[PDB]
Each structure stands twice: as C-alpha cells, then as structure tokens.
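FYI the Cβ positions are ideal-geometry reconstructions off the backbone, even for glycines, and counts take in every protein chain you see. Values quoted throughout were computed directly from the atomic coordinates according to the rules given, and no laboratory measurement underlies them.
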Amino acid sequence: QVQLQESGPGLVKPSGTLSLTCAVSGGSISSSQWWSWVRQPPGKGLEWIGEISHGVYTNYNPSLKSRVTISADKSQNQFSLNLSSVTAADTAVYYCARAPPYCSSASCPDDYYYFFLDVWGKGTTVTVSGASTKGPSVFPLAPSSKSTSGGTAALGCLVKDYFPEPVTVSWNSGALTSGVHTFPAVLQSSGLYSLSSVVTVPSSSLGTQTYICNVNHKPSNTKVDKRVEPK
Amino acid sequence: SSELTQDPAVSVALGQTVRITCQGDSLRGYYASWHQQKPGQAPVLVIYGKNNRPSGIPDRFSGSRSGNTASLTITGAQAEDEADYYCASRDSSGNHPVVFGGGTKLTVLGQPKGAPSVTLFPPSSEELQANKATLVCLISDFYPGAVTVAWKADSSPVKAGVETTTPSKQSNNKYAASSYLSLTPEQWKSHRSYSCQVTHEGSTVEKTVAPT
C-alpha cells in the first residue's frame, strides 16, 4: 500500500542547488526504515545518494557528503533532498526509495543484515543546464488512407522542440492505453528534443470517436491537450 | 558511483542457465540484493538477499554467496528476463554506506526476428498553416536492433534536415526508432513525393507521402 512520489524542478542552473521532495502515502517516514534517494544518469547505472531514518538520523554517500542534505517533514509525511553546487554530472533521474532497518554490529538476528530497495517511486528527471526551458509545440498526426492497415489505423501527436526532458503523453485522459506507443525523444542539433506518440484504433470508429492526446511538460508547467481529427 | 564489479553485459540462450556475479571487498558484512530494470521503468527488486524473493518473481531466479562474490542465477531463462540487473549491499566498515554494483545487461538469444513496422506522416494542416513542415517516420517492433533509415526527395537522396535516433529497446524486447525530416512549406509543396526507406536484415520497407 506504500506509494512514493518525487517532485522537483526539472531544470537547475549550473552551480545552483537541486531540491527534491518525496511524498509517502500508506507508510510513515518516521519509522525505523531507511528512506533513501537514488539517482541514475542517462545511459548509466544506479548511484546511492543517502538515507534518513526516524526523520532525524542521516547517512550519505561518502563522495557526495560535502554537498548533500536530506531532511524530513514528519507532519506532511515527506522527506527531501538538497544537492548544492550542481554540474552536468548531476543530470540524472532521481528516485526515492525505502531500505529496511539493519544493525551495524554483528550481534543481531538474521533479519537485520539485509539491504534491499523493495519500494520505489516513478522517478523525476533533473537536467543541469544554462539553457532556458521551452514548452512544446504539439501538432496532430491525423489518420489518412496511408496510415491505415485494414481494420486498424494509426493516428498520433508530434511533440516538437522542447527542453528539457521529459514529456509524458496519454490518450483520452488515460482511458486509452491499448495500442499506444510513445517513441523515445530525439536530441536535435538545435539542442531541443522531439518525440511522437501514436495510438492504433479501429478505422471504422474514426468519425464516431474523438481522440485527444494529453501532453504534459512539467519543466515548463505546460499541459497541451490536442484533438486529433481525420485528414 | 559504483563499488561492486559486475560484467556490463552477458548473454544466455533461451532456456539455458546464466549466473550473473557480483564481486567486491565491501560485500562481506551484509546480504546482497538484486534489482531488475526494464527500459523506461524504475528498478524492481527480485532478490531481497540470501535466496529470498518478493511476490511475482519466478522460482528460476535464485541467489547465492561465496565470500566476496554474490550471484544471481537464472535457470531456464525466458524472454521476459532480458533486463539490467543490479546487486546491492552495505559496506561493512565505517558508517556502513550503501554499495551498488555497476549493473549487467542480460541478453536472451534465440528470440524471433521481426520486420520493422513503418508509419510515415505528412506535415499536418496546423503545422503548415504556421509556416512549418516536418515529416515523421516512425519505425517500431524490429528485432534485431540494426536498421538504416534514409530519406528521398522525389527519387533523390536528402541528408540535410534529417534527425534520426539510434534504435532503442522497447518493453517487448523489440526495437523502435524515429527519423524527422524538417522542410519549409515551399520545399514540401515543390516536390511530387517524399519517401522514408527503412532497411532491416537486407530487406527494405519504403513509405511515400505527397502534398496530395
């Protein structure tokens, strides 16, 4: 029943300070467990940042200790992370997670010598850049007679020229999950990203049903809901 | 960043057994856990430690120890096992910081090949009414992940204005790619047709769009 949700800025200027917050429902951050922060740079592995227990006791990665701060708000069931003097090496997806209690001495039952991360959040993407945020231009990819494959047909949305990542696309407010494929973004020579989301639908139900793609770009605090009508 | 050494990539044939190993002097004090990560998703714990597994993890996953080396063995590997695997534990000295392995890309051989699905879209009315023109060629569901994308103006190759991704694995172990061709509305209307050619394992799929 335990759910975690990170929240952050998405874009941080170099030498700035990154501030994230993980809200917890169905569990208590004031417990003896170790509520942790993990990050994963794009195309790389996981790196451990720190942990906090009972809302007070902290433990950090030795290589990051000089600029990492983890605090907890026991009244809002939240714990937060603060990383100062950021560079491009701090660009990563930041996960909050939960580790179990343990013993530092070799004198405890067997249950207290595990480390595992069984509960994770979805992760929030953070980019360290001096470039400015740009919201996306959403265009409809309307179905035609060449986007058809017999009984089915393809329609989509072009999410063009945005920065930074990520962009999430749902269809009909999440009611339409079958047949949806959101393609990974392309990094263009301008420094801006672009991606496309495409959903496959019955060609007979084109004129009898409305299809809207929901494009969320949190780094710019913009949501675009574009209606897709046949060509 | 990483403290335990894993092989960055190992392979196993569908149905065979593979042992992904995790080594380091930091390991000797605590139990090693294993985390699985599919593309585009957060990690998923597959081994608590020792040989304990959470719910939803098949019996073919198992954990074992041999001093400073932990091992995740997969007996009878399936296609759903293709992912990245991370061992984790705590340092037995000092303030006991958490210790991650570098990660291991697991490839499962013998999966069925697949021809690419190619979807080509012309520039939308709203984009042209805004004095912009972009051609979108979406390639998906091809295996292996080797594919060449090429654009044609009428029948002549075009290279300027083409932005292509490198193939990336989908959640169903097949691959996807995208190529965007940016033109002016004059370039779009001054040609009879435009084409997106996609070659995969010696075979080519070609889609064509016109100002119609």
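Here is a check on your reading of the model: is B:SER179 among the hydroxyl-bearing types (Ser, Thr, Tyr), in a strand (DSSP E or B), free of Cβ contacts under 8 Å to residues at least 40 places away in the same chain and surrounded by 13 or more Cβ atoms within 10 Å (Cβ to Cβ)?
Judged against the criteria, B:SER179 is not a match.
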Counting only residues in segment A:136-169 that are touching an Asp or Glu at 6+ places or on another chain (Cβ under 8 Å) and buried (at least 24 other Cβ atoms within 10 Å of the Cβ), the one farthest from A:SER194 (Cα to Cα) is identified as A:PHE139
Counting only residues in segment B:38-60 that are farther than 12 Å from B:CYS87 by Cβ and within 22 Å of the chain's Cα centre (by Cα), the one nearest to the other protein chains (Cβ to nearest Cβ) is identified as B:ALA42
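Conditions (1) touching an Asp or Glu at 6+ places or on another chain (Cβ under 8 Å); (2) in contact (Cβ under 8 Å) with a residue 24 or more places away in the chain; (3) farther than 20 Å from B:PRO122 by Cα, marked per residue:
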site	(1), (2), (3)
A:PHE183	no, no, no
A:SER190	yes, yes, yes
A:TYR193	yes, yes, no
A:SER197	no, yes, no
A:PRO202	no, yes, yes
A:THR208	no, no, yes
A:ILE212	yes, yes, no
A:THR222	no, yes, yes
A:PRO230	no, yes, no
Over segment B:76-102, the set of residues in a loop (DSSP other than H, G, I, E, B) and more than 11 Å from chain A (Cβ to nearest Cβ) is B:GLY76, B:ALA77, B:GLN78, B:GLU82, B:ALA83
B:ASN173 passes all but one of the listed conditions (1) in contact (Cβ under 8 Å) with a residue 40 or more places away in the chain; (2) assigned to a strand (DSSP E or B); the exception is number (2)
Expected single match for more than 9 Å from chain B (Cβ to nearest Cβ), more than 30 Å from B:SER182 (Cα to Cα) and within 22 Å of the chain's Cα centre (by Cα) among A:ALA131, A:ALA175, A:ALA92, A:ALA99 is A:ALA175
Here the residues within segment A:130-154 that are assigned to a strand (DSSP E or B) and farther than 19 Å from B:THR208 by Cβ are A:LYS134, A:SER137, A:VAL138, A:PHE139, A:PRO140, A:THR152
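One line per residue, one yes/no per condition, for (1) surrounded by 15 or more Cβ atoms within 10 Å (Cβ to Cβ); (2) away from chain A (no Cβ under 12 Å):
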position	(1), (2)
B:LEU109	no, yes
B:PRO112	no, yes
B:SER117	yes, no
B:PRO122	yes, no
B:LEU138	yes, no
B:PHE142	yes, yes
B:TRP151	yes, yes
B:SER155	no, yes
Among the residues of segment A:84-98, is any of a type in the set (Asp, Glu) and surrounded by 19 or more Cβ atoms within 10 Å (Cβ to Cβ)? yes
Kindly indicate whether any position in segment A:102-121 is touching a residue at least 40 places away in the same chain (Cβ under 8 Å), within 20 Å of the chain's Cα centre (by Cα) and assigned to a loop (DSSP other than H, G, I, E, B). yes
